[PDB]
Structures are given as C-alpha cells and as structure tokens.
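Throughout, residue positions are numbered sequentially from 1 according to the sequence presented. Start at 1 and go down the list; that is how both ligands and their atoms are numbered.
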Amino acid sequence: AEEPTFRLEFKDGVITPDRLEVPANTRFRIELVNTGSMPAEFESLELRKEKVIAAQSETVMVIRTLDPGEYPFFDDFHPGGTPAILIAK
Ligand SMILES: [Mn+2]
Ligand SMILES: [Mn+2]
C-alpha cells in the first residue's frame with residue numbers, strides 16, 4: 001500500500017474520530033465503517049463530496065486531493081450528529 005489510508009466509524013450519527021488530520025495535495029483513502037443500525041452518508045459541503053454507507057457495512061472513499069485547509073463533514077442522514085472535520089496540511 002503506497003497510498004495513505006485512514007478510518008472513520010459512523011454509528012447512528014456519531015463519527016469517531018471527529019477530527020482527522022490528512023496530507024494536503026495527496027491522493028488518499030478513508031475506510032468508512034458504518035457500525036450503526038441506519039445507513040449513513042458522509043457529506044462535506046465544501047468538498048462537494050457525498051458517499052453513502054449502508055448500516056453494518058464498509059466502503060472506501062478516495063480523496064483525489066485536498067488543498068491545505070479544514071473541511072467540516074457530517075452524516076447527512078442523521079442531522080444533529082457529530083460535526084466532524086478533515087484537517088489537510
Ligand atoms: Mn446528502
Ligand atoms: Mn443535509
């Protein structure tokens with residue numbers, strides 16, 4: 001594996017970890033693991049990125065590149081859940 005790979009757990013709107021530092025200007029992967037009972041949707045407004053993860057399932061999201069900066073994200077299917085963030089640096 002020559003690509004950095006991170007992991008986020010989604011569980012009924014709670015995202016862990018809620019803060020993820022990632023490299024900027026770099027292609028990388030995030031394993032999105034939904035351990036809850038409802039489908040989840042990774043969504044970031046700024047990045048225009050949305051990815052569904054069915055309950056009790058996993059999918060691996062590819063981020064092609066991020067300019068340095070901070071990118072809030074959340075489970076769009078569970079409003080009021082964790083406001084998480086990617087910190088690209
Ligand atoms: Mn959505
Ligand atoms: Mn929404």
key: Minimum-distance atom from the Mn ion (ligand 1) among N, O or S atoms of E43   = OE1

key: the Mn ion (ligand 1) - name of the N/O/S atom of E41 that sits closest to it   = OE1

query = If you group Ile, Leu, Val, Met, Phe, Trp and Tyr by side-chain heavy-atom gaps below 4.5 Å, do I85 and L47 land in one group?
reply =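 In one cluster: no.
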
task = Test side chain to side chain contact (heavy atoms under 4.5 Å, CB included) on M61 and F42 and set out the steps.
result = CA-CA 9 Å; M61 175 168 72; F42 175 104; 3.5 Å; yes

For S37 against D12, the heavy-atom pair lying closest together = N-OD1, 3.0 Å

message = With carbon and hydrogen excluded and only N/O/S kept, which atom of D76 is nearest the Mn ion (ligand 2)?
response = OD1

message = So that I can tick it off, tell me whether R19 and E21 are bridged by a salt bridge, with the cut-off set at under 4.0 angstrom between side-chain N and carboxylate O.
response = yes

